Amino acid sequence: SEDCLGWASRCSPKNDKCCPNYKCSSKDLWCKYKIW
């Protein structure tokens, strides 16, 4: 039962539980894109 969050979701640097290939942004507390 591991449902990861999406890119347009909220998260924190202390507890980042977002799908892989991403990068939690502490700026807007949202999962940003790891690939540019």
# chains A, B, ... in the order shown; residues from 1 in each chain; ligands from 1
call {"tool": "residues_around", "arguments": {"residues": "range 14-24 of chain A", "least_positions_apart": "4", "cutoff": "8 Å", "atoms": "only C-alpha atoms", "output": "list in words"}}
result
residues 4, 5, 6, 7, 29, 30, 31, 32, 33, 34 and 35 of chain A
call {"tool": "select_by_dssp", "arguments": {"residues": "chain A", "states": "strand (DSSP E)", "output": "ChimeraX atom specification"}}
result
/A:22-25,30-33
